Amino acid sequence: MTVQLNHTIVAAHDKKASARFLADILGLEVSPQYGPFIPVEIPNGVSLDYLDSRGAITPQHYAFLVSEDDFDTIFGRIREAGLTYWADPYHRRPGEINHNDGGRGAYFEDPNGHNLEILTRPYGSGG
């Protein structure tokens, strides 16, 4: 079944600032507002649709598989933003990257506390 994940909603205090944060960090573009959402289209057919939140925002986890050249570019923008990054999902190792599955990866936070991850090889792969 040619099923695709088409979108998920990302709760945000400032949906426009939060969508721009993700779009800028990943080298993508923000879409025009659609209803109450600010969508960010990810190239594999799914959009992260930012919605103004009320009350506490439960942190979600969004992990992006990126090319090695994109890893270097994204990593540059993270450092330029003065953001702490971590090798590990539990944030024990700030200022380091992991090398899972022969790739490279790191975790960081968006303005709402969502846990963003970049990785260059799929979990459990290596070739």
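Heads up: residue numbers just count along the shown sequence, starting at 1.
_59-67 or 31-39, whichever carries the higher mean Cα B-factor_ = Stretch with the higher mean C-alpha B-factor: 31-39.
*Looking at the deposited entry, does 40-48 or 70-78 carry the larger mean Cα B-factor?*
The recorded data point to 70-78.
_Ranked C-alpha temperature factor of residue 10 among modelled chain residues, by third_ = Within its chain, residue 10 is a lowest-third residue by C-alpha B-factor, going by the deposited values.
*Which third of the chain holds residue 89 when residues are ordered by C-alpha B factor: lowest, middle or highest?*
It falls in the top third of the chain.
_Taking only the Cα B-factors deposited for this chain, tell me whether residue 104 sits in the lowest, middle or highest third._
Within its chain, residue 104 is a middle-third residue by C-alpha B-factor, going by the deposited values.
*State the tercile, meaning the lowest, middle or highest third, of residue 23 with respect to the CA B-factors recorded for its chain.*
CA B-factor rank for residue 23: middle third.
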